[PDB]
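Student:
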RNA sequence: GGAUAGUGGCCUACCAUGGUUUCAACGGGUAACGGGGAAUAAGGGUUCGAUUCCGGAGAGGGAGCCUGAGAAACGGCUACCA
RNA sequence: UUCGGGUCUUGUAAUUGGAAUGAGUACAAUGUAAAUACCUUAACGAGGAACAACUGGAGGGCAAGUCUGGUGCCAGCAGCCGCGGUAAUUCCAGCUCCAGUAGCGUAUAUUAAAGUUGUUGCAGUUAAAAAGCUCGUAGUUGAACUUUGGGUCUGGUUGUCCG
RNA sequence: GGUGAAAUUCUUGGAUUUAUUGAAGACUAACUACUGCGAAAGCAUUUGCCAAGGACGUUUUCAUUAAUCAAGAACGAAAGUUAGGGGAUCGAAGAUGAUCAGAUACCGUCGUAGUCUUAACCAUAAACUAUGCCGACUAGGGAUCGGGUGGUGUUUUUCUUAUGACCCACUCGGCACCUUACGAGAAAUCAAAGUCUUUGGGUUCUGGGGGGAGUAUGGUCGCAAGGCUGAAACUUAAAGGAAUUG
RNA sequence: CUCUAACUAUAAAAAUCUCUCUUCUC
Ligand SMILES: [Mg+2]
Ligand SMILES: [Mg+2]
Ligand SMILES: [Mg+2]
Ligand SMILES: [Mg+2]
Ligand SMILES: [Mg+2]
Ligand SMILES: [Mg+2]
Ligand SMILES: [Mg+2]
Ligand SMILES: [Mg+2]
Ligand SMILES: [Mg+2]
Ligand SMILES: [Mg+2]
Ligand SMILES: [Mg+2]
Ligand SMILES: [Mg+2]
Ligand SMILES: [Mg+2]
Ligand SMILES: [Mg+2]
Ligand SMILES: [Mg+2]
Ligand SMILES: [Mg+2]
Ligand SMILES: [Mg+2]
Ligand SMILES: [Mg+2]
Ligand SMILES: [Mg+2]
Ligand SMILES: [Mg+2]
Ligand SMILES: [Mg+2]
Ligand SMILES: [Mg+2]
Ligand SMILES: [Mg+2]
Ligand SMILES: [Mg+2]
Ligand SMILES: [Mg+2]
Ligand SMILES: [Mg+2]
Ligand SMILES: [Mg+2]
Ligand SMILES: [Mg+2]
Ligand SMILES: [Mg+2]
Ligand SMILES: [Mg+2]
Ligand SMILES: [Mg+2]
Ligand SMILES: [Mg+2]
Ligand SMILES: [Mg+2]
Ligand SMILES: [Mg+2]
Ligand SMILES: [Mg+2]
Ligand SMILES: [Mg+2]
Ligand SMILES: [Mg+2]
Ligand SMILES: [Mg+2]
Ligand SMILES: [Mg+2]
Ligand SMILES: [Mg+2]
Ligand SMILES: [Mg+2]
Ligand SMILES: [Mg+2]
Ligand SMILES: [Zn+2]
């Protein structure tokens, strides 16, 4: 079904109100919940341009933007596919308390 | 759903709740 | 939508009819929606009459025939080709298939 | 034919029978039962003053994706809690939570308009002044 | 059971007229049908018609000329004021240039225009045009 | 018979067992004072009527009463309750 | 013969004049119990006549843009259908244009639309809906027939011939 | 045996068949149909008894006694519940041997309650013709069931009449059918779903978008299962009907 | 313008499916 579709990138760093987070489990209705690297478990919504275009699963470091009025929830934006996640761990912008390897 | 089995499910629920009523007294 | 004006039952003014078991799968069906065939056959097949004819006492024996109706559930009647899935304007023709040989 | 009575002296049933079937129209049932007075936090009011608690973002339905900037509020007139919508672009950050806000209807007779689930009401006036006045830069929030 | 014989009479008339017949057999044949048909006939929707004795309720057979278009009966004979006559004329008759609402009056069976000129009004029976 | 200005279970004494009701009594609700009316409009209707007019009721809630032709008054009293 | 007189008119111009006048002031007078205000009226009071008209809207419903720039399934709009994921006629602005106009915009009610409460005037096979069937009180409705024709006179009201 | 193939299971104590018998309860095959009866459920061996009913015939009898019908009532498939009786077949539960990834499902064998009864509850079914009942009219065609009509009719046969059974032309009533639209419907279709905007024969009972939900609650009947009655808060722009082309 | 005769015989297993829905005016 690729004929119906629209048919080596680089990482993007967090910028003043967004954070890298690790998904802990995938929730229904299209939602998800992720630990932000602050000691907090936030509730992320899979944003548009993202829903059924690029997938994500458990144990995947992924960028999420916060909403300034209600910190308890947030919306996920940009995914990182398992190789620039190591780079993210390397550059040290986020604490390395969470290593994810298989 | 078949309406038949939904009716059966609610019916069994009623039976359990009325047994709860009876045991409570 | 009412598929058949005769309701596909042929009861029409009887309330309820005794049920009869199918001959193949033994499904009970009303004795009117109970597609039914007169299985009249010679006790011996015509392919083997001659062997009987010239090797038997009682010259010019009757060679009787075996008689029985067959009652099918309509599922069997359709799968076992007893009844075909006819077309619309051809449904309202009830005459048997033109007396197979005449 | 037309299986309702037609004799001169049948008037009674023609009234009472109608007096039964009127209970089918939801408008009539609401009007006689006064369900607008027990439920529907607006006790028949077209507007009510409440206190805002927190500013929320609410998702949208399937064909439309966007974060609608809604807002919780507890109504003074009864104490109930409802959710309302901020009906312009740059106006959520006009609310200044723990603020007196005047709520109105929302364009569908006590229902949910469009793609904002679980809401029933607009927002018209914030801190006395009307919100559209702020969004047009005609008047300014008192900030008191 | 049969309730208003006039309704059955006019229903037979309309049915047999629509099919294009020329004669109609009215079965019960009570006073009101006879008066109705004399009013009809003097207006001209009907030709030379006939009553029959039967020692019981009689019978009618009525000739047509195809002049008629539709007849009908307002079975619950409503009380009409002298004012409400215009209401029925508007609601039943096609156009006031013709048509006749037939009602029973203190004078007797009578079409609406006769009722208005005699300045009397009673209960309505039917409508013909 | 009392009491009323006067009929009246209006009340008292002695009697009788009656009274109403599926033609909706009794009960419950009314964010209902009733009405003249207002909005609405092919005709038929639907909704509203706190309020410019007419009646009724009330002067915080209930009760009691003097004066006076007229009040159970309330910008008049007595008592209880808030 | 291409013309071109614009010969006759209409419009369009930051070109250009002189007329006319109120909103506002205000002599007064009237108006009123006293007064305000109106109705008159001296003198003042228009040039960008800044003495400035807003309110909604231009995808359809529904009159009006496939113009410009911005955002880029975000913000937001949208009563409903839907617009927005890099060329947005739907957001946000600018320019044009539409509708009503000192009015217009909302929200909750209610009315017509609604023949979607149907008495006039609804549907009941499958779209919601005909009690499983029958009896039956109340209710509702309930066969036909008992003085119709004739004759006269006469009051008028209409259109006759018209005096 | 049994199946698509197989296994479980019974079998030299001889299973399977081969004959006679006998027991039990079951049902009444084939006759069996676009045929009959009944209000509906439903009803199928024979015979007798008991009562009943439709339709037809009637120059018989009474004279509005009629129709539908809230309230009230009687029946009411199967399953179910009591209790007592029976206990074949077949089979919910359970036990099994297969298939499969799993299959405690469909196929396969055993097997409890039921299935059949006797008195009493249950009163629901797609209890469907998904068409309420009583009336009148409207178009052509046939047969079919019940009755009654007339044949210079046929065979019947008892010489001949009588019956019966048939043939014809009927007629009244019943289940229905075919053709058609000149009527309707949105259509599928309907001889009524026609006689409805040219809108009125008499009458009951139901519905007002879909969900929430026949759910919540209160009654009410029932031992119980549950039945009748019966919402709302709230949530949505559809759900749905018929047909067309893929 | 005379008529009413033939007939056969199959079934094992097969679960699920991520977008993207877009005008008709001469
Ligand atoms: Mg491509
Ligand atoms: Mg999201
Ligand atoms: Mg019958
Ligand atoms: Mg058949
Ligand atoms: Mg009132
Ligand atoms: Mg009032
Ligand atoms: Mg007053
Ligand atoms: Mg007073
Ligand atoms: Mg006060
Ligand atoms: Mg005095
Ligand atoms: Mg007082
Ligand atoms: Mg006073
Ligand atoms: Mg005092
Ligand atoms: Mg100006
Ligand atoms: Mg706008
Ligand atoms: Mg504008
Ligand atoms: Mg337009
Ligand atoms: Mg653009
Ligand atoms: Mg714009
Ligand atoms: Mg109207
Ligand atoms: Mg409707
Ligand atoms: Mg359905
Ligand atoms: Mg349906
Ligand atoms: Mg039904
Ligand atoms: Mg029925
Ligand atoms: Mg009665
Ligand atoms: Mg009569
Ligand atoms: Mg043996
Ligand atoms: Mg038999
Ligand atoms: Mg028979
Ligand atoms: Mg009843
Ligand atoms: Mg049983
Ligand atoms: Mg197994
Ligand atoms: Mg099992
Ligand atoms: Mg089994
Ligand atoms: Mg077995
Ligand atoms: Mg039912
Ligand atoms: Mg509904
Ligand atoms: Mg439901
Ligand atoms: Mg209950
Ligand atoms: Mg369909
Ligand atoms: Mg899976
Ligand atoms: Zn079968």
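Protein chains in written order, with the entry's author numbering: chain i, 11 to 17, 23 to 117; chain h, 1 to 25; chain a, 2 to 103; chain X, 2 to 145; chain W, 2 to 130.
Every residue, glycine too, gets a C-beta built ideally from N, C-alpha and C.
Please tell me whether, using a cut-off of 7 angstroms, the distance from the CB of residue 13 of chain i to the nearest non-hydrogen atom of ligand 1 is below it.
Tutor: As a position in the first chain, residue 13 of chain i is number 3, starting the count at 1. Indeed, a heavy atom of ligand 1 lies less than 7 angstroms from the Cβ.
Student: Check whether the Cβ of residue 76 of chain W lies closer than 8 angstroms to any Cβ atom in chain X.
Tutor: Here residue 76 of chain W is taken as the residue at index 75 of the fifth chain, counted from 1. By this cut-off, residue 76 of chain W is an interface position.
Student: Tell me the residue span of the beta strand (DSSP E) that contains residue 56 of chain X.
Tutor: For the purposes of this step, residue 56 of chain X is taken as residue 55 along the fourth chain, with counting starting at 1. Looking at the DSSP string, the run of the beta strand (DSSP E) that includes residue 56 of chain X is 48-59.
Student: Tell me whether the beta-carbon of residue 11 of chain W lies closer than 8 angstroms to the beta-carbon of residue 59 of chain W.
Tutor: If you number the fifth chain from 1, residue 11 of chain W lands on position 10. If you number the fifth chain from 1, residue 59 of chain W lands on position 58. Cβ atoms of residue 11 of chain W and residue 59 of chain W: not closer than 8 angstroms.
Student: What did DSSP end up calling residue 99 of chain i once you bin it into helix, strand or coil?
Tutor: Position 84 of the first chain, counted from the start, is the residue given in the question as residue 99 of chain i. If DSSP states are grouped into helix, strand and coil, residue 99 of chain i belongs with the helices.
Student: Which of helix, strand or coil does DSSP assign to residue 64 of chain i?
Tutor: Walking along the first chain from the start, residue 64 of chain i turns up at place 49. In this structure, residue 64 of chain i counts as coil in the three-state DSSP scheme.
Student: Which runs of the beta strand (DSSP E) at least 3 residues long sit entirely within the segment 2-49 of chain a? Give them in chain order.
Tutor: As far as the segment 2-49 of chain a is concerned, its whole beta strand (DSSP E) runs of at least 3 residues are 20-22, 29-31 and 37-39.
Student: Would you list, in chain order, the members of the segment 38-63 of chain X that have their beta-carbon closer than 9 angstroms to a beta-carbon of chain i?
Tutor: Answer in chain order: 55, 56, 57, 58 and 60.
Student: In whole angstroms, what separates the C-alpha of residue 36 of chain W from that of residue 22 of chain W?
Tutor: Taking the fifth chain and counting its residues from 1, one reaches residue 36 of chain W at position 35. Taking the fifth chain and counting its residues from 1, one reaches residue 22 of chain W at position 21. Answer to the nearest angstrom: the Cα atoms are 22 angstroms apart.
Student: By the DSSP assignment, the beta strand (DSSP E) with residue 80 of chain i in it spans what residues?
Tutor: Sequence index remark: in the first chain, residue 80 of chain i carries index 65 (1-based). Run containing residue 80 of chain i: 76-81, per the beta strand (DSSP E) assignment.
Student: Would you say residue 43 of chain i faces chain X, with C-beta separation under 8 angstroms as the test?
Tutor: On the first chain, residue 43 of chain i is found 28 positions in, with the first residue counted as 1. With 8 angstroms as the cut-off, residue 43 of chain i does not count as an interface residue toward chain X.
Student: Rounded to whole angstroms, what is the Cα-Cα separation between residue 45 of chain i and residue 60 of chain i?
Tutor: Locating residue 45 of chain i in the first chain gives position 30, where the first residue counts as 1. Locating residue 60 of chain i in the first chain gives position 45, where the first residue counts as 1. For residue 45 of chain i and residue 60 of chain i, the distance between alpha carbons rounds to 7 angstroms.
Student: Using the Cβ count rule (16 or more neighbours within 10 Å means buried), how would you classify residue 127 of chain W?
Tutor: Along the fifth chain, one-based indexing puts residue 127 of chain W at 126. Label assigned to residue 127 of chain W: buried.
Student: Does the segment 10-25 of chain h come close enough to the segment 75-90 of chain i to have 3 or more Cβ pairs within less than 8 angstroms?
Tutor: They do not touch, by the three-pair rule.
Student: How is residue 11 of chain X classed by DSSP in three states: helix, strand or coil?
Tutor: As a working mapping, residue 11 of chain X is identified with position 10 in the fourth chain. It is helical.
Student: Considering Cα atoms alone, identify which of W:85, W:31 and W:4 is closest to residue 54 of chain W.
Tutor: As a working note, residue 54 of chain W is residue 53 in the fifth chain. Nearest option by C-alpha distance: W:31.
Student: Considering only DSSP beta bridges, list what residue 109 of chain i is partnered with.
Tutor: Translated into the one-based positions of the first chain, residue 109 of chain i becomes position 94. In DSSP, residue 109 of chain i forms no bridge with anything.
Student: Identify each residue in the segment 88-100 of chain X for which the Cβ-Cβ distance to at least one residue of chain i is less than 8 angstroms, and report them in chain order.
Tutor: Correct list: 93.
Student: What number of angstroms, rounded off, separates the C-alpha of residue 21 of chain h from the C-alpha of residue 9 of chain h?
Tutor: Here residue 21 of chain h is taken as the residue at index 21 of the second chain, counted from 1. Here residue 9 of chain h is taken as the residue at index 9 of the second chain, counted from 1. Going from the Cα of residue 21 of chain h to the Cα of residue 9 of chain h covers about 18 angstroms.
Student: Sorted by chain position, which residues of the same chain lie with C-beta nearer than 7 angstroms to residue 43 of chain i's C-beta, five sequence neighbours on each side aside?
Tutor: Counting from 1 along the first chain, the entry for residue 43 of chain i is found at position 28. Closer than 7 angstroms at Cβ, skipping near neighbours: no residue.
Student: Using 8 angstroms as the limit for Cβ to Cβ distance, is residue 15 of chain X near chain W?
Tutor: Within the fourth chain, residue 15 of chain X is the residue found at index 14, counting from 1. Chain W contact via Cβ: absent.
Student: Interface residues of chain i around residue 66 of chain X at Cβ under 7 angstroms?
Tutor: On the fourth chain, residue 66 of chain X is found 65 positions in, with the first residue counted as 1. By Cβ distance, chain i contributes 63.
Student: Check whether the Cβ atoms of residue 102 of chain X and residue 113 of chain X sit closer than 8 angstroms, and answer yes or no.
Tutor: Residue mapping note: residue 102 of chain X aligns to position 101 of the fourth chain, counting from 1. Residue mapping note: residue 113 of chain X aligns to position 112 of the fourth chain, counting from 1. Result no, Cβ atoms of residue 102 of chain X and residue 113 of chain X do not sit closer than 8 angstroms.
Student: Put residue 50 of chain i into one of helix, strand or coil per three-state DSSP.
Tutor: Here residue 50 of chain i corresponds to residue number 35 of the first chain, with the count starting at 1. Of the three classes helix, strand and coil, the one that applies to residue 50 of chain i here is strand, per DSSP.
Student: Quick one: is residue 79 of chain i buried, meaning 16 or more other Cβ sit within 10 Å of its Cβ, or exposed?
Tutor: The count along the first chain starts at 1 and reaches residue 79 of chain i at position 64. Under this definition residue 79 of chain i is a buried residue.
Student: Looking at the structure shown, is residue 33 of chain i part of a helix, part of a strand, or coil, going by DSSP?
Tutor: Here residue 33 of chain i corresponds to residue number 18 of the first chain, with the count starting at 1. In this structure, residue 33 of chain i counts as strand in the three-state DSSP scheme.
Student: Determine, using beta carbons only, whether residue 69 of chain W and residue 48 of chain W come nearer to each other than 8 angstroms.
Tutor: Taking the fifth chain and counting its residues from 1, one reaches residue 69 of chain W at position 68. Taking the fifth chain and counting its residues from 1, one reaches residue 48 of chain W at position 47. Taking 8 angstroms as the Cβ cut-off, residue 69 of chain W and residue 48 of chain W do not qualify as a contacting pair.
Student: Answer yes or no: do residue 109 of chain i and residue 35 of chain i have a C-beta to C-beta separation smaller than 8 angstroms?
Tutor: Translated into the one-based positions of the first chain, residue 109 of chain i becomes position 94. Translated into the one-based positions of the first chain, residue 35 of chain i becomes position 20. Yes. Within cutoff.
Student: Under 8 angstroms between C-beta atoms, does residue 8 of chain X make it to chain W?
Tutor: Looking up residue 8 of chain X in the fourth chain gives position 7. Chain W contact via Cβ: present.
Student: What's the call for residue 140 of chain X, buried or exposed, on a 16-neighbour Cβ count within 10 Å?
Tutor: Within the fourth chain, the letter at position 139 stands for residue 140 of chain X. The residue in question, residue 140 of chain X, is exposed, as its Cβ has fewer than 16 Cβ neighbours within 10 Å.
Student: Looking at chain X, is there any beta carbon in it that lies within less than 8 angstroms of the beta carbon of residue 33 of chain i?
Tutor: Residue numbering aside, residue 33 of chain i sits at position 18 when the first chain is read from its first letter. Answer no: the Cβ-Cβ gap between residue 33 of chain i and chain X never drops below 8 angstroms.
Student: Below 8 angstroms on the Cβ atoms is my guess for residue 10 of chain a versus residue 33 of chain a; work out the distance and round it to an integer in Å.
Tutor: On the third chain, position 9 is the one that residue 10 of chain a refers to. On the third chain, position 32 is the one that residue 33 of chain a refers to. About 6 angstroms; that satisfies the 8 angstroms criterion.
Student: Run through the segment 15-78 of chain W for me and flag every whole alpha helix (DSSP H) of 4 or more residues, listed as ranges in chain order.
Tutor: Runs of the alpha helix (DSSP H) inside the segment 15-78 of chain W: 32-44.
Student: What distance in whole Å lies between the Cβ atoms of residue 72 of chain X and residue 57 of chain X, which are believed to be in contact at a cut-off of 8 angstroms?
Tutor: Here residue 57 of chain X refers to the residue found at position 56 when the fourth chain is read from its first residue. Here residue 72 of chain X refers to the residue found at position 71 when the fourth chain is read from its first residue. So it is a contact: roughly 6 angstroms between Cβ atoms.
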